[PDB]
Amino acid sequence: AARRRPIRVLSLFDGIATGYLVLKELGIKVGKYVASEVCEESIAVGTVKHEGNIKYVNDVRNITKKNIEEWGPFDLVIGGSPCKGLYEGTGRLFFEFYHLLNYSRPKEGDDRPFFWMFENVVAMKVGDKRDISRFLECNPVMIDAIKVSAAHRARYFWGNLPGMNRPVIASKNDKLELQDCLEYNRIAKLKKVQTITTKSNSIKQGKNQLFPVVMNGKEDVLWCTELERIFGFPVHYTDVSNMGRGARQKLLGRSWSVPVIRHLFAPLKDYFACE
Amino acid sequence: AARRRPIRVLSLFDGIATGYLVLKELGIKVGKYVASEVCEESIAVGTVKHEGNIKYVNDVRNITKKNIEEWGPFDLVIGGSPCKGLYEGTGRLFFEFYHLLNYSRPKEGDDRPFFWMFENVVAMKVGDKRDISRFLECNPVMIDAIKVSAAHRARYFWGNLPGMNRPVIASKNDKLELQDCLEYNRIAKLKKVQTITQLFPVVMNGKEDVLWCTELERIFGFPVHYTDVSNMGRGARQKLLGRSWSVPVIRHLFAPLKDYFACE
Amino acid sequence: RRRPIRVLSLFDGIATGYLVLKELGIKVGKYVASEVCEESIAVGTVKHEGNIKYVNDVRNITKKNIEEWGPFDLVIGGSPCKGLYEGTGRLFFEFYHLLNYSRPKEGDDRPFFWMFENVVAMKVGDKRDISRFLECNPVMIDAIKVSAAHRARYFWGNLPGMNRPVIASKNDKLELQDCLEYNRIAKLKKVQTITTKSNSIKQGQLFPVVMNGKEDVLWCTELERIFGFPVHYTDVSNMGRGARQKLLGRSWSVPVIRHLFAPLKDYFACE
Amino acid sequence: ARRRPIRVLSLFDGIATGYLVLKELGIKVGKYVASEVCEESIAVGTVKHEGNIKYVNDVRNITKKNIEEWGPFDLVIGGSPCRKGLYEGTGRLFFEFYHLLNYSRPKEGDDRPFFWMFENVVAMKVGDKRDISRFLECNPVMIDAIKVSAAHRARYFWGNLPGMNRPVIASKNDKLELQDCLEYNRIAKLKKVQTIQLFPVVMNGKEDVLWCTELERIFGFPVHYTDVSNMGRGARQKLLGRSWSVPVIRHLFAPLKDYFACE
Ligand SMILES: Nc1ncnc2c1ncn2[C@@H]1O[C@H](CSCC[C@H](N)C(=O)O)[C@@H](O)[C@H]1O
Ligand SMILES: Nc1ncnc2c1ncn2[C@@H]1O[C@H](CSCC[C@H](N)C(=O)O)[C@@H](O)[C@H]1O
Ligand SMILES: Nc1ncnc2c1ncn2[C@@H]1O[C@H](CSCC[C@H](N)C(=O)O)[C@@H](O)[C@H]1O
Ligand SMILES: Nc1ncnc2c1ncn2[C@@H]1O[C@H](CSCC[C@H](N)C(=O)O)[C@@H](O)[C@H]1O
């Protein structure tokens, strides 16, 4: 942290503040974090677990250039689309990411560094993936969390962060297999779970809808605290505002894999203040 | 400057080649004119009436960046949307124009002149009009042909052409009212025809009658018998002219390009 | 001391006669047409700015009318292309009677010219019969000598130098590639005879024109050139391919009618 | 004063009513050319007139070279064959009469007298009556034989003969009523026969049709004028049914005496 400043981030579709969490877990000094989220449950998680440092705004469709020019400047712009295709409904929110990203980019004649990233699910009509790549002038890299977690989570990542397209290597602290994410006296029938959506149908193996955990000879679904270890979140990250299996699995099912995002944000320690 | 060159233009959704027609009438040298059009009847009009000077390609969807670097460079990129909204069906062809326009833009910092234009009708959702303004980073200038032609054709013009908000004035040769565009022994009830896509406008021999194809051509400012090509009857001639630009509106927009490219 | 020509054209069609007299420079003082096609009437009414006095079905033209509209210096007619004494063929007799009513009274030296066209494809007895009525033998004139299309037609009449052999002019477009628009190659040099039905374009059934490697039928503006009509002569009253090919298929070859009317500059005013 | 015999071409001559009327009229006939194809009809005028009538053939085979050879002619006459109408079938044989008539007319400006006549039935389409008048440049005069014979025979007569509209008067020798035409012991129920369902004649209180000799007196022909070439009841009535009425023609031809030689 020499002659550099704290980072100034604009996270759209921020969810449960995965981005702010990683910048802190890396030790990057976070000067400003602007989140555009509508889920009042998701908003509760970042407001509490990060002690109101995140400046929450509102629906991304009501953000204007005048706002981007005032809240800014931004060093980082990140967005993860909501998991009808592109030009219909929720998918066409990407264009709201497109415009705010362009409004945030440095003006002609400002060589200052500017990084961005946009995640989207791998399950996507190839006409759409080809289209986003045309808008962003950039081709995605597929990063599967299986290499760094105990879950299949294939996602496409556009952007320009240093060493994105670098291949993924695990760390010694990553709970690599399901038995490492489980609580006491729980035996994982498998090693890697299938992809996890918001619905409970994603917790049982695809072929016969079989439970992945066996406690006391009887099969059981995963607990909420065990989902948090699978996605790399801190334990009890989502124990907020009286949420049950319903919400907790919704907020996590939509989320990023934290060890994946840390793989992308790790080189940002080079360009901004750290402590 | 003074050492100018002929103009290199890519025209998407070209139709009946109003852009090339307005250019040669303006007196500007055209070195290349690349057109993207899929209507064989429309293709035939610009192919015949301009002696193959127009390079046709195909469906704009099949144009890649390699094509733009082969056929380029370009000084002018012009496009007119096909009149469900923007994000569905034929409205979303605009994004194809959006990418090919950005592909064709000069290299960053290249001081060469480069101008573009995009047209769309006013009968458009305000949500789509704003979104196009957000994509192009530009606000439309509305120009109605009523001031220069005998037609109601209000349209939005996105672009960076010199002086687009310039006031629209008529020429000495602009056929302003309907009676100036009619064939022999025909009298016009009206003086400015409403839009073309329930009283008849023309009375001949005391019997009401619709306009003729040759009369539609004079209304939009096209040369007479401009659409008499490829056995097209009243049907095709009307839909081609119905979807087409008004010539004096375009000549108004393209006029200041003479001070940037060659002439004669 | 000559005066403008006064002509009565029966079965007038698209006013080929008026168009040719004009292109010759003969001053026309009165042109009385008998035509029923509302499309054809529109073509001569517009292209000649209403100088042609249209009347109607020839069967309602009476002697009292010929004496009112007259005198006539030229009386021309082309038959509708079942034989003579049946159907539309026997309209020739309506031409026969109006011609004789238009003739100068016994004791009038004034010049009087007439003409009657009919198709070569005709019963051998019907050709003898018309020639018996008109006291005149026909001369076969084929547009193929002056145009790019076979058009064999018989011409009864008494115009100066009809039976003269046909020779081409410097501006006649004799081969098909002279009548085509841009980027079109003619597989042929001379088209077979053209009729109203669309099958006249396919050569007994090859398309005559090739564009972009794909063969195509003739366009309308190319038919106008093949017959010698001015281009866009039939682009009138929202007519599509249906009417244009119908009117031109029945039409006269303009370079042929010019051949016959050219010596009439000697007998009437010209400017 | 210095007149000559009459040179006549009769088309569709039938049983030669023209040559009969001319000699009965007292007019000197120098040449009579007839176009007829019925061999029985041909036989009547050949025998009843001792070959003075020059028969040629079907009118359709008569060319202008013939009309110049056999001519000149002073009289051209023709009766139409009596329905498809004019422009179909036997109606259009009129046009063959048309051209041969105009072939025979004098050179344009020649003052010599030339007379023609065309006959057709009143049972005619008005459109064909109008067309024939347009061709001939002439309007027909209707003459019914009822005024001079004992029959209904109304026919149109196109032509240029002197006084064709002249009022029809009967002569002292015209057999006017049916009883005057009948053989012995036969009584006529009627006074005038309709054109050629009760019987007209009653012989010995029994009904009976007319005899061939009685038909010959009805049309004004000489008695036994058709007793030629083994002709039975059928043929004689056919020829007489299609014939002219002799007194009607004599009416038309009477004024020719003041133009040609009479003896
Ligand atoms: N119209 C809108 N404006 C702003 N945010 C929206 C939105 N519609 C959906 N969102 C939010 O976008 C988020 C996308 S899910 C992904 C969020 C992030 N990757 C995470 O780790 O949680 C959801 O939480 C949803 O609430
Ligand atoms: N998918 C596609 N690719 C290329 N061109 C298309 C297209 N779909 C429609 N078009 C063409 O785009 C035109 C839009 S109408 C506008 C034509 C033009 N403004 C003029 O002055 O004539 C239509 O003629 C249509 O044929
Ligand atoms: N009964 C009638 N009275 C008047 N004209 C008629 C008619 N019947 C047919 N016609 C016309 O006669 C024409 C014969 S076609 C010949 C027209 C002329 N030769 C030309 O160059 O166009 C047709 O146009 C037809 O409309
Ligand atoms: N093709 C033809 N050429 C010459 N004569 C013909 C003919 N066809 C029919 N005819 C004749 O025309 C005649 C019509 S009957 C009229 C004959 C006359 N009126 C009389 O007094 O007898 C018939 O005798 C018939 O034989």
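In chain D, numbers come from Swiss-Prot; the residues present are 570-651, 661-774, 787-853, in order.
Going by what the header records, the deposited coordinates were determined by X-ray crystallography, 3.3 Å.
Just so you know, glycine gets a Cβ as well, placed from its N, Cα and C.
Just one of D:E605, D:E608, D:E609 is listed by Swiss-Prot for the same S-adenosyl-L-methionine site as D:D582, D:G583, D:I584, D:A585, D:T586, D:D627, D:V628, D:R629, D:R832, D:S833, D:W834, and that one is D:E605. The candidates are D:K617, D:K633, D:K707, D:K828; Swiss-Prot tags D:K617 with the feature SUMO2 cross-link. Residue annotation for S-adenosyl-L-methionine gives D:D582, D:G583, D:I584, D:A585, D:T586, D:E605, D:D627, D:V628, D:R629, D:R832, D:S833, D:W834. The furthest Cα pair among them is separated by 22 Å. Among the recorded positions listed (D:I584, D:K617, D:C651), D:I584 have a CB atom closer than 6 Å to some atom of ligand 4, in sequence order. Counting every protein chain shown, 19 other Cβ atoms lie within 10 Å of the Cβ of D:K617 (SUMO2 cross-link).
Of the listed recorded positions D:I584, D:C651, the Cβ environment within 10 Å is emptiest of other Cβ atoms at D:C651. Chain tracing stops at D:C651 and picks up again at D:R661, leaving 9 residues unmodelled; the C-alpha atoms of these two are 9 Å apart.
Sequence-distant contacts of D:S833 (S-adenosyl-L-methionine binding site), defined as residues of its own chain at least six apart whose C-beta falls under 8 angstroms from its C-beta, comprise D:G583, D:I584, D:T586, D:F809, D:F811. DSSP assigns D:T586 (S-adenosyl-L-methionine binding site) to a helix. Distances between the Cα of D:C651 (active site) and those of the recorded positions D:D582, D:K617, D:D627, D:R629 are shortest for D:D582. Separation across the 12-residue hole in the deposited chain, D:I774 to D:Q787, is 13 Å (Cα atoms). Taking the C-alpha positions, the distance from D:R629 (S-adenosyl-L-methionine binding site) to D:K617 (SUMO2 cross-link) comes to 26 Å. When each of the binding-site residues D:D582, D:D627 is scored by how many other Cβ atoms sit within 10 Å of its Cβ, D:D627 comes out lowest.
The binding-site residues listed here are D:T586, D:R629; among them, D:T586 has the most other Cβ atoms within 10 Å of its own Cβ.
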